[PDB]
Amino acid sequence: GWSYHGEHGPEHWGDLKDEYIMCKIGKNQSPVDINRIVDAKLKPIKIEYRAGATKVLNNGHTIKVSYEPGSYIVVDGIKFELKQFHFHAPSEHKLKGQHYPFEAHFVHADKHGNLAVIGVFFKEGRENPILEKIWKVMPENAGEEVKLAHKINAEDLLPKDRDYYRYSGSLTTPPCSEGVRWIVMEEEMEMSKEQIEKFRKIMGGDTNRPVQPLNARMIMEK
């Protein structure tokens, strides 16, 4: 019964269930304000994506797009399979104290269940032609799920400059499990103001967890 507003909101997430305890005691939580940055010789990240987005689900907390097996990234010489991507507005991560109006998360998992999430910022700009295909068909109520007519390639929502920030964090929604590899891309993408407004309107407001303390962590920059 968790939410982004009111008494089941982010500050109370850890109180709600035993399984959500990391939202309360965790010291490596996401998102964060990216303001303690260090240059590091990170390897480039192999992105082996095919066209494979199939369904669009409104779950009350976001719009989630599911992906068929076969698409993956390689981080630390390990294959993490793309499972789904979804959205928040405004951005969950901040960059040196500032938000973007929107952020996408591409959620991946290796064979043992370890999670790697690619985060992509979006600013106000040209209509995103890939997001229009999903937005046209966006379910208006929680629980609804539409099948997509044409399969979408998620690689088209990623920038061509693939320099990125890296850090060790968590899921941004309960249970907020830790041990998540975060790959936040430096280069932003574009969306129309209308697309942003539609997403906010349908979600009913802000869909962003507050930034959490960096604590012992640093953010690595390629």
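Quick note: we count residues from 1 along the sequence shown, nothing fancier.
- Mean C-alpha B-factor is higher over 120-128 than over the other stretch, the pair under comparison being 82-90 and 120-128.
- Of the two stretches examined, 102-110 and 134-142, the record assigns the greater average C-alpha temperature factor to 134-142.
- Across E188, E178, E48, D39, the greatest Cα temperature factor reported in the deposited entry is at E48.
- Annotation for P210: CA B-factor lies in the middle third of the chain's modelled residues.
- When the modelled residues of the chain are ordered by their C-alpha B factor, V56 lands in the middle third.
- When the CA B factors of the chain's modelled residues are split into thirds, the value for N28 lands in the lowest one.
- Sort the chain's modelled residues by C-alpha temperature factor and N35 lands in the lowest third, per the entry.
- Ranked against the other modelled residues of its chain, the C-alpha B-factor of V184 as given in the entry falls in the lowest third.
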